[PDB]
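Numbers and lists here come from the model and the stated rules, or from a named source; none is laboratory data. Because the Cβ atoms are built from the backbone with ideal geometry, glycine has one as well, and the counts that use them run over all protein chains shown.
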Amino acid sequence: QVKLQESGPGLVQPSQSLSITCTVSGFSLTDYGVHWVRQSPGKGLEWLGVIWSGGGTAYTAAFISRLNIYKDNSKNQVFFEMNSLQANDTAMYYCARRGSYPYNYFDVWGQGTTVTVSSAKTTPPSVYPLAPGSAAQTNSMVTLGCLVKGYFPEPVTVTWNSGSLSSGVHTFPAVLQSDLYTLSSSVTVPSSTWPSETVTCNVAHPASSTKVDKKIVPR
Amino acid sequence: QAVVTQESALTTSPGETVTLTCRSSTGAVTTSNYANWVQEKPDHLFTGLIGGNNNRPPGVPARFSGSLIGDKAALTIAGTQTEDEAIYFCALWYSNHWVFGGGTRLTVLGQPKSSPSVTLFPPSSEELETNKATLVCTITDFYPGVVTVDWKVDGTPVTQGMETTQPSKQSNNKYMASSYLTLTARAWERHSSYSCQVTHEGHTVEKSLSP
Ligand SMILES: O=C(O)CN1CCN(CC(=O)O)CCN(CC(=O)O)[C@@H](Cc2ccc(NC(=O)CSCCO)cc2)CN(CC(=O)O)CC1
Ligand SMILES: [Cl-]
Ligand SMILES: [Y+3]
């Protein structure tokens, strides 16, 4: 029932600002406090601030002048706004709910917003269909793939047949091939499904405005 | 600003009782610090375990208990389960701000061994039009998360062109990883045998290609 929905991936240039919206459901902001926390690629958790049920706020001392958290109770939205971002502000930012006693625990968290602070060039991914080199045996399982090569920055979303396929799907962690990322995804389906029916890889990279569909064809 | 210290990592076996600690640099951890504990599971998914009054959220196992032991906050897990493999963060309240500890990674041993399922993919015809060829070797369903990948062309080993990921968890608690070998379209057309060898716990599993 309880959800904290965060706004999409954000690429920020040094000295500029960051804005994140946490849209909540299953509870009211009039009863609960919402905290903001971050986790760097090379660290653990760092608490940034909070907006309590009553509208009151608290922040980590070093952030007073650069960070603000406010809300709109009627829209069930909490807004995070931070200025003067630096390279070390690159992290996954989360909003987390916390109630008053006996509900005084950080129970439900948002999925996180990936923030990259960089003066580097945003590169779109080159999506390539991966079909097996050999034809499948009569009445068997086939493993088809999708290569997402050379992108910056993280993340990328990969689905198969618009989300219809999931059980035989594996989406692998990204690797760093010289300032650029590369990942792959596979789907294992019965030989009676493919090439008979259409199997498509759908790839999204928010930061470069790319959304491509690559149909897996034989050879 | 206070620093909150936790053990970096603890390794345990199923059924063991373990105690994670949370220390304050400004002095003793007191009841007024309302110590909270949070659990982080793979794919950056966090969930609350213990509240400020040592209270557990509905659905959190009773084996998780928060307390103060002398001058430090503590999380006692009474009978570690395999599903408790995670990073545990403590958070302390200091009158007008919360401070999270650095986290304690908990590893739980004795989980069943699972051999890797390997798949080798040839480059796309679209790839070859950019005069580049990437061979993808996917590795799934293995436990423990330690694997070595060796690539061979006609039989001769190659160190150049290869890039492999660190093992990470799947939705079923086993590990996955992937390896890439980027060659030119010219090199792909020139040779006849390419191989991906995945070694796990002494045993090697291999998948090959023939143009
Ligand atoms: O919450 C956190 O981050 C950390 N808390 C740690 C302590 N708490 C235990 C815990 O949290 O573990 C016990 C007290 N807390 C109730 C609860 O948690 O049961 C609230 C008591 C309270 C005091 C004053 C007001 N004043 C006003 O409304 C206007 S005052 C205008 C002055 O000119 C409202 C509520 C206050 N905590 C905000 C909130 O809980 O909403 C902030 C502190
Ligand atoms: Cl208080
Ligand atoms: Y409170």
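Side notes on the structure shown:
- For segment A:128-202, the strands (runs of 3 or more DSSP E) that sit wholly inside it and include 2 or more residues that are touching a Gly at 6+ places or on another chain (Cβ under 7 Å) are A:181-190.
- Residue within segment B:50-70 that is buried (at least 19 other Cβ atoms within 10 Å of the Cβ), away from ligand 1 (no atom under 16 Å from the Cβ) and within 14 Å of another protein chain (Cβ to nearest Cβ) present: no
- Residues that are at the interface with chain A (Cβ under 9 Å from one of its Cβ atoms) and without any contact (Cβ under 8 Å) to a residue 60 or more places away in the chain within segment B:142-174 comprise B:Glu163, B:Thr164, B:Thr165, B:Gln166, B:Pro167, B:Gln170, listed in sequence order.
- Hits in segment A:170-181 (condition: more than 18 Å from B:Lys169 (Cα to Cα) and either within 7 Å of chain B (Cβ to nearest Cβ) or more than 17 Å from the chain's Cα centre (by Cα) (or both)): A:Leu176, A:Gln177, A:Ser178, A:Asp179, A:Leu180
- Checking every residue in segment A:43-62 against the condition of being in a helix (DSSP H, G or I) and either more than 16 Å from ligand 3 (Cβ to nearest atom) or not assigned by CATH to the domain that holds A:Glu6 (or both) gives at least one match.
- For segment B:71-97, the candidate set comprises residues that are more than 27 Å from A:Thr57 (Cβ to Cβ) and in contact with a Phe, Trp or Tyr (Cβ under 7 Å, 6 or more places away or on another chain); within that set, the residue that is nearest to ligand 1 (Cβ to nearest atom) is B:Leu75.
- Considering residues of segment A:23-42 that are more than 16 Å from ligand 1 (Cβ to nearest atom) and either in a strand (DSSP E or B) or not assigned by CATH to the domain that holds A:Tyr70 (or both) only, the residue surrounded by the fewest Cβ atoms within 10 Å (Cβ to Cβ): A:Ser25
- Scanning segment B:108-133 for residues that are at the interface with chain A (Cβ under 7 Å from one of its Cβ atoms), in a loop (DSSP other than H, G, I, E, B) and of a type in the set (D, E, K, R) yields one hit, B:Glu126.
- Considering only residues in segment B:39-53 that are assigned to a strand (DSSP E or B) and more than 16 Å from ligand 3 (Cβ to nearest atom), the one that is nearest to B:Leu109 (Cα to Cα) turns out to be B:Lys41.
- Subset of segment A:176-206 that is in contact with a helix residue (DSSP H, G or I) (Cβ under 9 Å, 6 or more places away or on another chain) and hydroxyl-bearing (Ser, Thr, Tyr) - its residue that is surrounded by the fewest Cβ atoms within 10 Å (Cβ to Cβ): A:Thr198
- Count of residues meeting criterion [in a strand (DSSP E or B) and out of contact with any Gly (no Cβ under 7 Å at 6 or more places or on another chain)] in segment A:75-92: 7
- When segment B:77-107 is filtered for residues that are more than 16 Å from ligand 3 (Cβ to nearest atom), surrounded by 15 or more Cβ atoms within 10 Å (Cβ to Cβ), more than 17 Å from the chain's Cα centre (by Cα) and part of a strand (DSSP E or B), the ones remaining, listed by number, are B:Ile77, B:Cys90, B:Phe100.
- The residue pairs whose first member lies in segment B:9-38 and is under 12 Å from B:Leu106 (Cα atoms) and within 14 Å of another protein chain (Cβ to nearest Cβ), whose second member is among the acidic types (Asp, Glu) and surrounded by 14 or more Cβ atoms within 10 Å (Cβ to Cβ), and whose beta carbons are closer than 8 Å, counting only pairs six or more residues apart or on different chains, are B:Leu20/B:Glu7.
- Segment A:36-63, subset in contact with a strand residue (DSSP E or B) (Cβ under 9 Å, 6 or more places away or on another chain) and over 20 Å from A:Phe106 (Cα atoms), residue nearest to the other protein chains (Cβ to nearest Cβ): A:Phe63
- Flag if A:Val156 is among the hydrophobic types (A, V, I, L, M, F, W, C) and in contact with an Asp or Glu (Cβ under 6 Å, 6 or more places away or on another chain): no
- Test: residue in segment A:90-98 that is surrounded by 15 or more Cβ atoms within 10 Å (Cβ to Cβ), away from chain B (no Cβ under 14 Å) and free of Cβ contacts under 8 Å to residues at least 60 places away in the same chain: yes
- Qualifying residue in segment A:105-116 (condition: surrounded by fewer than 17 Cβ atoms within 10 Å (Cβ to Cβ) and within 13 Å of chain B (Cβ to nearest Cβ)): yes
- Qualifying residue in segment B:175-198 (condition: within 23 Å of A:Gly133 (Cβ to Cβ), under 22 Å from the mean Cα position of the chain (by Cα) and more than 9 Å from chain A (Cβ to nearest Cβ)): yes
- Only one entry in B:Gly48, B:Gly110 is more than 24 Å from A:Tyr94 (Cα to Cα) and either under 23 Å from the mean Cα position of the chain (by Cα) or in the same structural domain as B:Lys169 (by CATH) (or both), namely B:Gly110.
- Residue check, B:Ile139 within 10 Å of chain A (Cβ to nearest Cβ), closer than 28 Å to B:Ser13 by Cα and assigned to a strand (DSSP E or B): yes
- Evaluating A:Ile69 against the criteria (1) in contact (Cβ under 8 Å) with a residue 40 or more places away in the chain; (2) part of a strand (DSSP E or B); (3) aliphatic (A, V, I, L, M) leaves one unmet condition, (1).
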